[PDB]
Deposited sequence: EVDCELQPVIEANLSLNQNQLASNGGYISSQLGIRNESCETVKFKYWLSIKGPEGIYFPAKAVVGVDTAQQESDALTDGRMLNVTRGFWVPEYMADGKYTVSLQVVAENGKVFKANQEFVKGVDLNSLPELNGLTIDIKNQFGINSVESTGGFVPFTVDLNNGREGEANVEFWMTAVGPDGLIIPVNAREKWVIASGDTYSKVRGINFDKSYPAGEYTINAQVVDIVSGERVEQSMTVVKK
């Protein structure tokens, strides 16, 4: 009916685990509503803190069919030893013609679902300022806000930096490593952008910010996706 070849969707039965982990049941929906049938491969994977990536469901090839609808329930355990923090579950589909379709859902382990990432009282609030998820192939610019609020009774000493982790193994500097001293009660604020020059390769860029407490050595990250068309 002149529609997209594939529509993927994903829901999780639950999305906040305690520190000792637990089980999450995923519902996977893949529909082929377009006029013609389609072949694709799909799978389910998870991205986590500290460079964690793990599979939840193996690659399966589908000829749909002989339109058609696909509904799968797939559960997975998240063991206690996996790092506490934010996780993304991603149902991923690649069509025969190379088109990629993804449906993502987030869950958290050991932290509150809506709480800011933090280093023991120092909260780290880093955002895509205007919610700009992609830029034209001819180039675009995306600003990020950075607000660190020190809720400790003592001053905080952190090191901060940002990169854009992209196609072709590119790791583009976004913010050089800086050291900040943040008095108790104060908030360190800045805005920092990245120009995606037209020459940069098309694909997905992970804008990655990292903050380290220089005293404790504790490190926390905030990742944000921008696609260059």
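Missing C-alpha coordinates mark the following deposited-sequence intervals, in order: 1 to 4, 71 to 78.
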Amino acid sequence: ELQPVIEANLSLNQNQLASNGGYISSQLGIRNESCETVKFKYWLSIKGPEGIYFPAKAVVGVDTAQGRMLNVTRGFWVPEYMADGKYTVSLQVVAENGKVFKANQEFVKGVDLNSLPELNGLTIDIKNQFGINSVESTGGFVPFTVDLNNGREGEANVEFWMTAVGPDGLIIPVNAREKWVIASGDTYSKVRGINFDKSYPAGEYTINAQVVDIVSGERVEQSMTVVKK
From here on, numbers count along this sequence of modelled residues.
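The PDB entry records a higher mean C-alpha B factor for 177 to 185 than for its counterpart among 177 to 185 and 48 to 56.
Note on 116 to 124 vs 94 to 102: mean CA B-factor is higher in 116 to 124. Of all the options 82, 146, 132, 158, the entry's greatest CA B-factor is assigned to 82. Each of 192, 41, 31, 198 has a CA temperature factor in the record; the biggest one is found at 31. Placement of the Cα temperature factor of residue 139 within the chain: lowest third of the modelled residues, per the deposited record. Annotation for residue 208: C-alpha temperature factor in the lowest third relative to the rest of the modelled chain, per the entry. Sort the modelled residues of the chain by CA B factor and residue 8 lands in the middle third.
The entry lists a Cα temperature factor for residue 26 that places it in the middle third of the chain's modelled residues.
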